[PDB]
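Starting off, we have a lone chain in the form deposited without its partner chain, written out as structure tokens.
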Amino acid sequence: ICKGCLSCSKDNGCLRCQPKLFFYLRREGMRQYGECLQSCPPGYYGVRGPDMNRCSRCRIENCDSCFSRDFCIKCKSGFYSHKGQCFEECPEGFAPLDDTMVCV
């Protein structure tokens, strides 16, 4: 009924996931239902909490895959990571490397 849960609520769904899974929120009714996932969806990154791990929307431009809120571990194929972000051309002060895609 709630899957991979440790406390399950008729209406808001799972409120505490089993240690290995990722809490994911979504709409059921106007309410927010909570799930417990194997890994996160797409556009979502893992977040190791002290109580529980949870999924969170990646909000970096041109980022294939976040690592934290402000830090992209993978920029869109063909894009220059710099200071967490992913950029078209390196900004004033910086330039790429010997085939890295990283501003200096």
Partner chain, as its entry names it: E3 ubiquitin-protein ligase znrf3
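So that the term is clear: the rigid core is the largest set of C-alpha atoms that superpose within 1.5 Å between two forms. Positions refer to the first chain, counted from 1.
FYI, the form deposited with its partner chain bound isn't displayed, but the following is about it.
Asks: Evaluate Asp11 for contact with its partner chain in the entry with it bound, applying a 4.5 angstroms cut-off between non-hydrogen atoms, and reply yes or no.
Replies: It does: once its partner chain is placed as it appears in the entry with it bound, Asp11 has a heavy atom within 4.5 Å of it.
Asks: Using 4.5 Å between non-hydrogen atoms, is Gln32 touching its partner chain in the entry with it bound?
Replies: Result yes; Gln32 sits at the interface with its partner chain in the entry with it bound.
Asks: Do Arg69 and its partner chain share at least one heavy atom pair within 4.5 Å in the entry with it bound?
Replies: Result yes; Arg69 sits at the interface with its partner chain in the entry with it bound.
Asks: Examine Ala95 and determine whether its closest non-hydrogen atom to its partner chain in the entry with it bound is within 4.5 angstroms.
Replies: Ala95 lies outside the contact set for its partner chain.
Asks: Could you run down 1-29 and flag each residue that has a heavy atom within 4.5 Å of its partner chain in the entry with it bound?
Replies: If the 4.5 Å heavy-atom criterion is applied to its partner chain in the entry with it bound, 1-29 yields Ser7, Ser9, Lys10, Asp11, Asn12, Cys14, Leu15, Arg16, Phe23, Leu25, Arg27.
Asks: Once both forms sit on the same rigid core, is the C-alpha displacement of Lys83 at or above 2 Å between the shown form and the other one?
Replies: Shift of 2 Å or more: yes.
Asks: Is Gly93 one of the residues whose Cα moves 2 Å or more between the shown form and the other one, with the core superposed?
Replies: Yes.
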